[PDB]
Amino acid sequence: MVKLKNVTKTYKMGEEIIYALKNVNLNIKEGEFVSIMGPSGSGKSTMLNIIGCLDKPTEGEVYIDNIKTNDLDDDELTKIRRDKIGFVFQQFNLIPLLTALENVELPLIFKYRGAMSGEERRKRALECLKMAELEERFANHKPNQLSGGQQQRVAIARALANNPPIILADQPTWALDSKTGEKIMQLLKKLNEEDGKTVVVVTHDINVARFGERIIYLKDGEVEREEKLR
């Protein structure tokens, strides 16, 4: 479902060359639940961004759902992201002037597949907020009126909106207390097992990572090791 082939991502600063990812190889099958761990700065977000088609590798190839994404133009890339990927951003990246509900509806507007009526769209957005454990009474808050953890749940709900086959979550429980975070992880487990979604979670919480079938560890931009869990 996801393949990274000899992927490198470099940054140039002055005369210094930085390898955020260095010749990485990764193969995530359809319906797999995979967790990604490693020290702050090891390249975890870079990797997720590349999988999520939000950044392009400097060298290497990327395949999403059997589609080579490298040489695609932004129109095709936008389409692939919207169709294939639900992305939970580490810092949420909500639209400040839209309510929580509106933020979740936004992807449904541009699904570019089939049109929903307004009622159908609002109904789906609400279902996603409920799945993401956000109380309906917060649906009309704007992001600046929500706590960090409430915002995180809006970001989670938005990722689920278009019912994508692939969920990419960057530290999706960081702003949540243990109990609420556990509910989120049980949801990902359910979507993975019952709905066959491919799930990739970056995390610093070993307890979170343990929901995955395996844990991939990065270190200084390279895959250090993998631990099989099941």
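So that there is no doubt, residue numbering starts at 1 and follows the sequence shown.
Practice item. Give the stretch, out of 75-83 and 143-151, with the larger mean C-alpha temperature factor in the deposited entry. Key: Mean B over CA atoms: larger for 75-83.
Exercise for review: Compare the mean C-alpha B-factor of 12-20 with that of 202-210 as given in the PDB entry, and name the stretch with the higher value.
Suggested key: Looking at the recorded C-alpha B-factors, 12-20 comes out higher on average.
Review point. Based on the PDB record, which member of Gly52, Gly60, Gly181, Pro164 exhibits the highest Cα temperature factor?
Key: It is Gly60.
Check your understanding: What third of the chain, by the recorded C-alpha B-factor, contains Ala115?
Key -> It falls in the top third of the chain.
Practice item. Classify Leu126 as lowest, middle or highest third according to the C-alpha B-factor given in the PDB entry, relative to its own chain. Key: For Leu126, the deposited C-alpha B-factor lands in the middle third.
Point to revise | Chain-relative CA temperature factor third for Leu98 | key: Middle third of the chain for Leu98's C-alpha B-factor.
Review point. Comparing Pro172 with the other modelled residues of its chain, is its CA B-factor in the lowest, middle or highest third?
Key: For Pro172, whose C-alpha B-factor we compare with every modelled residue in the chain, the answer is the lowest third.
Review point. What third of its chain, lowest, middle or highest, does the C-alpha temperature factor of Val223 fall into?
Key: Within its chain, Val223 is a middle-third residue by C-alpha B-factor, going by the deposited values.
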